Amino acid sequence: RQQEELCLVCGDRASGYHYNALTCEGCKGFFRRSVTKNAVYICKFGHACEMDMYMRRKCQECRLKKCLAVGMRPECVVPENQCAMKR
Amino acid sequence: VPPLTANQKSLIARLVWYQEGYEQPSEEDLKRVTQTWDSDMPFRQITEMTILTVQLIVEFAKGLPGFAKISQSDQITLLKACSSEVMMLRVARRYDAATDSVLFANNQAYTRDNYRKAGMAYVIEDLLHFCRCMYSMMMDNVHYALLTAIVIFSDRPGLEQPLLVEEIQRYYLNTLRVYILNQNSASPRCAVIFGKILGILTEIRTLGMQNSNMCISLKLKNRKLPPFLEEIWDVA
Amino acid sequence: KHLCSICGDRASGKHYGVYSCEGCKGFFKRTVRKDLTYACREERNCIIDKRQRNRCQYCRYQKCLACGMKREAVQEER
DNA sequence: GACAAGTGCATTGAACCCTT
DNA sequence: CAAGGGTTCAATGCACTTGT
Ligand SMILES: CC(C)CC[C@@H](O)[C@](C)(O)[C@H]1CC[C@@]2(O)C3=CC(=O)[C@@H]4C[C@@H](O)[C@@H](O)C[C@]4(C)[C@H]3CC[C@]12C
C-alpha cells in the first residue's frame, strides 16, 4: 500500500520524522534554517500557494506556514539543552 | 574604461591640496577680523568674512594650471565673474543639515535668522536651498575641486582669447569625466553623475545675480559694502 | 512568454539553441564546462519537469540534448 | 542498530552584467 | 532598448556526523 513515504509539506520522498512531522530532507533543512534565523517571509503571490516540489523553492512564506500546519515543532529546533550549551 | 595621465593626477592631487590649502582664511587673518569679546555686527562679520573668502578664491584661481596663460585683461575678467559663483560652492561645503545653517570659519553657525538681522534676508532662503541640494548631492573633494576650476575658465563676456579658455577648461572638464568614469562602473549612471554636476553650473549663475542684487539693494540702503567687494563685483 | 522545452518551467528565452529556463540553462552550462558525466539510478527514462527535474542529472542532461541544446554554444569560462 | 538532530559543502537558479 | 552569451552567491538539499 505505502509505496513511498510522503513529505507532508511538499509530497517529495520523506526521509523520516523531523521536529515531529514526516518530512523530506529539503523541508527539514528549510524549517531548521527558518527557525534558527527567526526568518519572516513575504509571499509575493496570493498568500495561499499549494506546496509541491516546484512551489517549495518559489514561496518560503507558504512553505513555512505548511511546515507549522503539518506539526513541525519550532521549539524543538536547537532547544536549550546540554548539547546546545556545548556548541 | 581608462585611468588618468600623470598630469591629470598631478592636477587632481594639486587641486585637492590647494583646496584645503585655502578652505579657510589664515589663523591671523581669521583672528584679526573675529576680534571682540545693533545691526552692524552680523553685517560686519558677514561682509568682512566675505572679503577673506574672495581673497582665498582669487589666490586659488592663480594656483591653477593655465591661468597665467591668460591676458591680465581676461584674468580679471574670469576672476571677476567667478568670484561670486565659487563663493557659492564654498558656502555649500560649510553647510550643516542638522541645523540648516552655515558655519563661518570661526566655527560660528549662521541661521536664516542671522542673515535677516544683517539685512541679507533676501539672499538666504535661496542660498540655503542650494545647500540642501548640494548636500544630498554628496560630492567628494575631487569633484568640488575640479568643478571649481571649471567655473573659473567658464566662458565669460568680455573675453579676449575666448577660444583659449574654452580648452583650458576642456581639460578640467575632461579630467572630471575620467575620474567619475573610474570611481564607479563606467556604466549608465556614469553620465547621470557627470550631468547633475555640470548642472551645478547653471544654479550657481542664478545665485550669482542674487549676490549682485544684494550688493545693489545694499548700496541703495546706503550701507558701505566693502570697496574691495564693490569693485570686484562691478557693483555700480 | 515561452516555456522551457526540457522541463515546462517558464523560459527566460532561448539558451544554447532551445527555449529554456534559467535552471536548465545553468545546469547545461555547468555540465559542459566541467565536462561532467552522470549515471541514472533508474532506467534512463526519468521524469524531467518543473517539479522533479533535480532528481536525475543524467536524464535532465539527456533531455537538454534531445530538445536541441548544443555543447558548442557553451563558451569557455571568462 | 536505527533514528532524529545537527553539520559540511557542492549544486541550484533568479538576478544580475556584457556585447552584439 | 532586446537577446543570448556571460557571472554571482544565498538558498538549497544530499550526504554526512553526533547523540541517544
Ligand atoms: C554681499 C555679500 C557680502 C554676501 C555674501 C553672503 O551672501 C554669503 C555667500 O553667505 C557669505 C557670507 C559670509 C561668507 O563669506 C563666508 C564666511 C566664512 O566664515 C567662510 C570663510 C571661508 O572659509 C569660505 O571658504 C567659506 C565661508 C563659510 C564663506 C562662504 C560665503 C559666505 C557664507
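Note that we place each Cβ from the backbone using ideal geometry, even for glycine, and neighbour counts take in every protein chain shown. Computed from the coordinates by the stated procedures, all read-outs in this text should not be read as laboratory data.
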Exercise. What are the residue pairs meeting all of these: first residue in segment B:177-199, first residue closer than 20 Å to B:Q8 by Cα, second residue part of a helix (DSSP H, G or I) and within 16 Å of the ligand (Cβ to nearest atom), Cβ atoms under 9 Å, and 6 or more apart or on different chains?
Worked result: B:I197/B:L147; B:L198/B:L147
Exercise. Looking at segment A:19-34, is at least one residue of a type in the set (S, T, Y), part of a loop (DSSP other than H, G, I, E, B), crowded, with 16+ Cβ neighbours inside 10 Å and away from chain C (no Cβ under 14 Å)?
Worked result: yes
Seminar exercise, completed: Within segment C:1-26, of all residues that are under 12 Å from C:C64 (Cβ atoms) and among the small types (G, A, S), the one farthest from DNA strand E (Cβ to nearest atom) is C:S5
Exercise. Hey, any hits in segment A:59-79 for a residue that's within 14 Å of chain C (Cβ to nearest Cβ), of a type outside the set (D, E) and part of a helix (DSSP H, G or I)?
Worked result: no
For this session: Kindly indicate the residue of segment B:74-111 that is more than 21 Å from B:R156 (Cα to Cα) and among the hydroxyl-bearing types (S, T, Y) and also nearest to the chain's Cα centre (by Cα) among those meeting that condition.
Result: B:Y95
Exercise. When both residues are 6+ apart or on different chains and their Cβ atoms are under 7 Å apart, which pairs have a first residue that lies in segment A:43-58 and is within 12 Å of chain C (Cβ to nearest Cβ) and on the phi > 0 side of the Ramachandran plot, and a second that is outside any loop (DSSP other than H, G, I, E, B) and surrounded by 16 or more Cβ atoms within 10 Å (Cβ to Cβ)?
Worked result: none
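Working carefully through the options A:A39, A:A48, A:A84, find the one that is assigned to a loop (DSSP other than H, G, I, E, B), surrounded by fewer than 16 Cβ atoms within 10 Å (Cβ to Cβ) and more than 13 Å from the chain's Cα centre (by Cα).
Working: A:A39 fails: more than 13 Å from the chain's Cα centre (by Cα); A:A84 fails: assigned to a loop (DSSP other than H, G, I, E, B).
Only one candidate qualifies: A:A48.
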For this session: Given the conditions (1) over 25 Å from A:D12 (Cβ atoms); (2) within 14 Å of another protein chain (Cβ to nearest Cβ); (3) of a type in the set (A, V, I, L, M, F, W, C), report the number of the one that C:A73 does not fulfil.
Result: (2)
Problem set entry | Residue count for segment C:49-65, restricted to those that are acidic (D, E) and crowded, with 18+ Cβ neighbours inside 10 Å | 0
For this session: For A:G11, indicate whether it is within 14 Å of chain C (Cβ to nearest Cβ) and either under 26 Å from C:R55 (Cα atoms) or not in a helix (DSSP H, G or I) (or both).
Result: yes
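Consider C:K29 carefully, then state whether it is over 28 Å from A:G11 (Cα atoms), part of a loop (DSSP other than H, G, I, E, B) and near DNA strand E (Cβ under 9 Å from one of its atoms). First the steps, then the outcome.
On the way: over 28 Å from A:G11 (Cα atoms): yes; part of a loop (DSSP other than H, G, I, E, B): no; near DNA strand E (Cβ under 9 Å from one of its atoms): yes.
Against the criterion (over 28 Å from A:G11 (Cα atoms), part of a loop (DSSP other than H, G, I, E, B) and near DNA strand E (Cβ under 9 Å from one of its atoms)), C:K29 does not qualify.
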Exercise. If you go through segment C:11-48 one residue at a time, how many are within 14 Å of chain A (Cβ to nearest Cβ) and surrounded by fewer than 15 Cβ atoms within 10 Å (Cβ to Cβ)?
Worked result: 5
